Amino acid sequence: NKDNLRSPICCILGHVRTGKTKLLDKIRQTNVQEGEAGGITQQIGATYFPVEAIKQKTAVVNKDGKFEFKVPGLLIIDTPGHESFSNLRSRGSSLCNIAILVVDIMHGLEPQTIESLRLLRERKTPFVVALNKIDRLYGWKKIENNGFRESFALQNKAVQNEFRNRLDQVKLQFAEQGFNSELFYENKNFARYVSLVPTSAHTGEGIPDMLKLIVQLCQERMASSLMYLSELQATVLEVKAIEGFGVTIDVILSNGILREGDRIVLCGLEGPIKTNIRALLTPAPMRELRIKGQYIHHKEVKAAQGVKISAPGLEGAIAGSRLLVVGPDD
Ligand SMILES: Nc1nc2c(ncn2[C@@H]2O[C@H](COP(=O)(O)OP(=O)(O)OP(O)(O)=S)[C@@H](O)[C@H]2O)c(=O)[nH]1
Ligand SMILES: [Mg+2]
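In the deposited numbering, each residue's number is its place in the sequence shown (first place is 1) plus 516.
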């Protein structure tokens, strides 16, 4: 049914300083990356992208306009690239229906790329690879926010030669790791072979191709079930004190529908916590949940979304705990 439609979850994974947060910043038109403490990503980030915005940002690679969008929206998960946060990467990976694996085209596959590849392989998660930082190709000239193929056609042959050498050795690296990969238009076996999207976080080039590709991951590679809403699933990302709201929880609503006044149960230090959802909040669209700002009050939220819950007795709450809704009787 057209209602009960579900927004899938996409996880961005990659080696440290590969441009994950920067790519998200370019799509969002924000500056989270500069703001980050320690100059690193240390927490899971949630941004919701309405399908309209995706249509906007994919216009250059879909100018006839006959490409089909059957998703209501897409929830996007940013993850830490550092070696230390294996656990956060694992959690994010557990949550996400599809993925973008970011590779620095200059460096190729690196240890955390390998780790992420194991994570994706183990949970059989459909993914595309973003060859980021293509502007670092010597003598690259920019057309802002343009499809990769269009701008690549305009490049000189030094740039094309460097690009195809790096592309070749990245393909050989993937082959060594047990993956057959292809440049996204060159791929004839979408099910078995991984599409590669050259991108620039600074220039925004290749991003429309990437967006349209994760969309096609949702429509073709992802299970049909997850196109539609189902029995509720939610996971606690964070526990924090917010003023006017006391101790609140940042939660990923993976499936189902969350409602205001719902009696919920989640896990705390020494045991279960049963309470009622007094306030159901989201960040503004195209904005991170962890980043503070304004909130939108909801009387219900449909999966998948990043939400903030205000409720009594959430002090003990544990991150990574599942969240359940308790029905009125028996
Ligand atoms: N030239 C160029 N630089 C980029 C590009 N993408 C990211 N960078 C630079 O690389 C650095 C790291 O970017 P960042 O967004 O923090 O990567 P990350 O994957 O999120 O890093 P982390 O979360 O694992 S710590 C930043 O200083 C950014 O300016 C790109 O496409 N082109
Ligand atoms: Mg980051």
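By construction, the Cβ of each residue, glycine as well, lies at the ideal position given by its N, Cα and C atoms.
Other residues of its chain near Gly589: CB distance less than 7 Å, five sequence neighbours each side excluded = Cβ neighbours of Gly589 beyond the five flanking positions: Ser523, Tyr564, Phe565, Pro566 and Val567.
Bridge partners of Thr751, per DSSP?
-> Note: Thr751 sits in a beta bridge opposite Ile768 and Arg838.
CA-CA distance, residue 508 and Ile789?
-> Residue 508 lies beyond the residue range present for the chain, which begins at 517 and ends at 846; the question has no answer from this structure.
Got a sec? Which residues, its chain only, sit under 6 Å from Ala646 by beta carbon, not counting five neighbours each side?
-> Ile616, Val618, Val713, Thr715 and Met726
Following the continuous beta strand (DSSP E) through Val713, name the residue where it begins and the one where it ends.
-> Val710 to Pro714
Could you check if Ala669 is buried or exposed, using at least 16 other CB atoms within 10 Å of its CB as the buried criterion?
-> With fewer than 16 other Cβ atoms within 10 Å, it is exposed.
Indicate whether the contact test is met: 3 or more Cβ pairs, each with one atom in the region 785 to 800 and one in the region 746 to 754, closer than 8 Å.
-> no
Check the C-beta distance from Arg806 over to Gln559 and give it rounded, since I have them as a contact under 8 Å.
-> 6 Å
Mind checking who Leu796 pairs with in its DSSP beta bridge?
-> Answer is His814 and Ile825.
Spatial neighbours of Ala827 in its chain, beta-carbon cut-off 8 Å, leaving aside the 5 residues before and after = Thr764, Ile765, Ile780, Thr791, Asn792, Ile793, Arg794 and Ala795
Should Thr557 be listed as close to ligand 2, given that the test is whether its C-beta is under 7 Å from any heavy atom?
-> yes
Go through its chain and collect everything with a Cβ distance to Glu786's Cβ below 8 Å, but skip five positions before and after it.
-> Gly832
Just to check, is the beta-carbon of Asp725 closer than 7 Å to a non-hydrogen atom of ligand 1?
-> For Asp725, the CB stays at least 7 Å from every heavy atom of ligand 1.
Starting from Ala569 and walking both ways along the alpha helix (DSSP H), at which residues does that stretch end?
-> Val567 to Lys573
Among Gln572, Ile614, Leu521 and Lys573, which residue has its Cα nearest to the Cα of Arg737?
-> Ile614
Ordered along the chain, which non-local residues of its own chain (more than five positions away) have a Cβ less than 6 Å from that of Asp651?
-> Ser716, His718 and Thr719
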